[PDB]
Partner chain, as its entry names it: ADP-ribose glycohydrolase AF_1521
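First, one chain by itself in structure tokens, the form solved without its partner chain.
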């Protein structure tokens, strides 16, 4: 179960450490949005069994964190771009303090596979495209607001403009996975551990602390090969979720 931060601690932390913390909008008017894109059936790649467990767990976790969740399934890389660009113009971001993007598919080094991906003829949503669509120029509604990118994607001059890509954090599991009968039985180990660490720790620890406890659980001999990684960190503050408020 998702543990809740007391209303007392909510008021205290927000007042006493305001300069250090992403500001939270108050619950009544708040309209947080989150997006899940999950590809499970592929024209030239093996199916991803058990991904429904990951959708179910993340959707419900994000709803507990007071996000309204959209789910999109089995898109081409081009339709993933259009879905992301459409999500970025959604009016409800104006009355929100943050967003989550959850992206689940096969992966390559540079990005996320769309449904028609092939070695001959790649179909990839590049990671660089995701940050571009949501940067400080192309998505004003979310500027200065945390943009949390959750990626589950198992594998088999003029760049100084890092004034524009700010307040992102990406938490990715792109290490290979051995397909097995078990996949139809349970979700991905990354998504499972993510969910439980949000449940145990988000009431008292900020987002980066939650992520680091996730990584801690992967520090065993048989599990460290699947360790998830924090990437493209550009947060300028700590992000406390304050479950319940």
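Shifts are known only where both forms have a C-alpha. Positions refer to the first chain, counted from 1. Between two forms, the rigid core is the largest collection of C-alphas that superpose within 1.5 Å.
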Look at the other compared PDB entries that model both sides of residue 52, then say whether a third or more of them leave it out.
no
Determine, among the other compared PDB entries that model residues flanking residue 100, whether at least a third leave it unmodelled.
no
Residue 156-residue 157 interval: deposited residues absent from the model:
10 or more
Output the stretch having the higher mean C-alpha B factor in the entry; the candidates are 144-152 and 160-168.
160-168
Quick note on 209-217 and 31-39: per-entry mean CA temperature factor is higher in 209-217
From 58, 204, 186, 69, the top C-alpha temperature factor is at 204
Report the option among 103, 109, 88, 77 whose CA atom has the maximum B-factor in the deposited record.
109
Entry-reported C-alpha B-factor of residue 44 relative to its chain, by third, is highest
Against its chain's modelled residues, does residue 238's Cα B factor rank lowest, middle or highest third?
highest
Residue 73's Cα B-factor: lowest, middle or highest third of the chain?
lowest
Third of chain Cα B-factors occupied by residue 95
highest
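What comes next is about the form solved in complex with its partner chain, which is not displayed.
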Out of 30, 200, 177, 213, which one falls within 4.5 Å of its partner chain in the deposited bound form, going by heavy atoms?
177
Name the stretch, out of 35-43, 61-69, 204-212, 185-193, where some heavy atom lies within 4.5 Å of its partner chain in the deposited bound form.
35-43
Answer for residue 47 alone: is it within 4.5 Å of its partner chain in the deposited bound form, judged on heavy atom distances?
yes
Listed 74, 175, 95, 138; moving between this form and the one not shown by 2 Å or more at the CA after core fit is just 175
Once both forms are overlaid on the core, stretches between this form and the one not shown of 3 or more residues with C-alpha shifts of 2 Å or more
158-161, 175-181, 183-186
